[PDB]
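Colleague: Before I ask anything, here is the structure I am working with.
Please note: Cβ atoms are built from the backbone with ideal geometry, for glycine as well, and neighbour counts cover all protein chains shown. Computed from the coordinates by the stated procedures, all read-outs in this text should not be read as laboratory data.
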Amino acid sequence: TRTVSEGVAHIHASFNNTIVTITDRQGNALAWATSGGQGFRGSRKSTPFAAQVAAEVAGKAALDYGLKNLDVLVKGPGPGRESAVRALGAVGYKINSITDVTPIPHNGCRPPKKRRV
Amino acid sequence: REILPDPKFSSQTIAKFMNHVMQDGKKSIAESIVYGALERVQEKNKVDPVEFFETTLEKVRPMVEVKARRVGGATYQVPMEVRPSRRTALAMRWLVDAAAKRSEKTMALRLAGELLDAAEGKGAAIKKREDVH
RNA sequence: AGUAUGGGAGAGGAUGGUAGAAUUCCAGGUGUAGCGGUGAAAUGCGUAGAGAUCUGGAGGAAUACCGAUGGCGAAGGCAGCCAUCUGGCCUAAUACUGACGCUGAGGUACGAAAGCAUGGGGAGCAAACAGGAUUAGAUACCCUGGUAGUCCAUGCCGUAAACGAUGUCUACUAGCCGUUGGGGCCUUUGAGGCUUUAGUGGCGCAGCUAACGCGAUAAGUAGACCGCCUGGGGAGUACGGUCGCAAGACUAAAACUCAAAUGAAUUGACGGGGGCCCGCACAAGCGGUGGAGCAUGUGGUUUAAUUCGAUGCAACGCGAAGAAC
């Protein structure tokens, strides 16, 4: 409805769950998708096979606005980090830049204790 | 282990298909059914079956198979590549059951019917073969 | 052994000022049904509006790379940047006092974390506490909430695997390969190369050791002094005495019991121990059992007996290749 066509994308990839959000350059949300609404409801949501579909269902909803300027921002390591862009490139989205924006803290608070088992 | 081609048509594919239809070593009753189905399908179109059976089987020939590998307690189903011989074996095992699934007078007539149905695409032998699966 | 001179390195210490990132909280914009977690689920949050993103504030801790086989310090200990005070060490010989040195029972100072007292603060983390799981039981390992503390300033406490499990000082005794601060020499011809010290590493000769190993930073050969040990448990415990707000700290036995308690190494075994290998062992394909009926054996009840054996794989179409006499 805006037809701005310069919306960035935020792919937050984690070991537990991944999130895709196509927003505008300013930051207002336009189309977001999660693995929860997919229907796996478990650790299978962390698989890249689910992350690619979660990114595609968001890309198809963002296509209603006519987005073709893709600026990707990835946060957090884990599986499914590469499946998002490999799924978005299959539909034919034009890519402008790919970089790592995962924030590393500079001497923050105390991390939790290491899991023994 | 290599098999000899049939003495009638000099084709090893027909011999391997007979080895897949044959049960309990009854080569005679399998050869009879195969020859009857061939002569029946030759009546719909006067075509030598050695040219048409290959087309019909490649119409249903699969590409990849899905097997499970245990790593951490999950299935993790992924497709894998195999030699074409395994795919022909799968196709033959798919055709030998689709003909029996039908209801007709003799096995030769229903086999010819299922083969003709899978030729044009109305048979279930190609339906059971799925790409995503 | 020490003094003054000109130079060099250093998380050495005390005081004061200052900043980024990150976490949490407080609003604002778009948006919003799932978010969070376990090998699996929930306790928890949210349609008031979940999660994520952007923008402005609030306060607390530390300072990602540099970072090292680093460096400084008597030990504990010391890492963001800047200003002041101050300590120690190294390097070149010039003169100087001329044995002025080492050790050191009592004594004294410093002394990890935790804790105690006094006035504040408290972001995150978290003893004790609550809820949700597994287990026959879970009181704990797991997750979700959370109080002291972790922080600042002033005192008490003097305790740790405060370990290099190796007291301080001095002189001697083959070598090979790196690092740190200096100096000198050779063509600084080039961050070059070679030697002398002061620290910090890895092998190794001889020698020592029961073995493991040490081996110019000795556990080798030698000297001076201090401390400490006389089988194990009892027991660093009772009593006593000193210190202390307390916790407790220091000094420190006896009765009794046993014929053991130890360190290293060898050969096996184990191992949920990291590999390696193989196995119709796991993968794949085909056909059965387990469902029905019958033959056969065994197990249980009964009778006069239902003759006796065989009992996980390795007993059960077994002894028996064949009970109407």
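Colleague: Restricting attention to the stretch A:63-93, and to residues there that are exposed (fewer than 15 other Cβ atoms within 10 Å of the Cβ) and among the basic types (K, R), which single residue is nearest to the other protein chains (Cβ to nearest Cβ)?
Modeller: That would be A:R86.
Colleague: Of all residues in the stretch A:1-44, which are near RNA strand C (Cβ under 9 Å from one of its atoms), over 9 Å from the mean Cα position of the chain (by Cα) and of a type in the set (A, V, I, L, M)?
Modeller: The answer is A:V8, A:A29, A:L30, A:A31.
Colleague: Going by the conditions given, is A:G108 away from every other protein chain (no Cβ under 14 Å) and more than 13 Å from RNA strand C (Cβ to nearest atom)?
Modeller: no
Colleague: A:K45: within 14 Å of chain B (Cβ to nearest Cβ) and part of a helix (DSSP H, G or I), yes or no?
Modeller: Criteria met by A:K45.
Colleague: Identify, from the list A:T23, A:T99, the residue that is in contact with a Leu (Cβ under 9 Å, 6 or more places away or on another chain), loosely packed, with under 15 Cβ neighbours inside 10 Å and not aliphatic (A, V, I, L, M).
Modeller: Of A:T23, A:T99, the one residue that is in contact with a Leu (Cβ under 9 Å, 6 or more places away or on another chain), loosely packed, with under 15 Cβ neighbours inside 10 Å and not aliphatic (A, V, I, L, M) is A:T99.
Colleague: Also: Are any residues in the stretch B:44-85 within 16 Å of RNA strand C (Cβ to nearest atom), among the basic types (K, R) and either under 30 Å from A:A50 (Cβ atoms) or over 21 Å from the mean Cα position of the chain (by Cα) (or both), and if so, which ones?
Modeller: Result: B:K67, B:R69, B:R70.
Colleague: A further question on this structure: Given the conditions (1) without any contact (Cβ under 8 Å) to a residue 12 or more places away in the chain; (2) buried (at least 17 other Cβ atoms within 10 Å of the Cβ); (3) within 16 Å of RNA strand C (Cβ to nearest atom), report the number of the one that B:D117 does not fulfil.
Modeller: (3)
Colleague: Any residue at all in the stretch B:47-67 that's within 14 Å of chain A (Cβ to nearest Cβ) and loosely packed, with under 14 Cβ neighbours inside 10 Å?
Modeller: yes
Colleague: Which residue is nearest to A:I22 (Cα to Cα), if the candidates are limited to the stretch A:60-100 and must be polar (S, T, N, Q) and not in a strand (DSSP E or B)?
Modeller: Looking at residues that are polar (S, T, N, Q) and not in a strand (DSSP E or B), I get A:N69.
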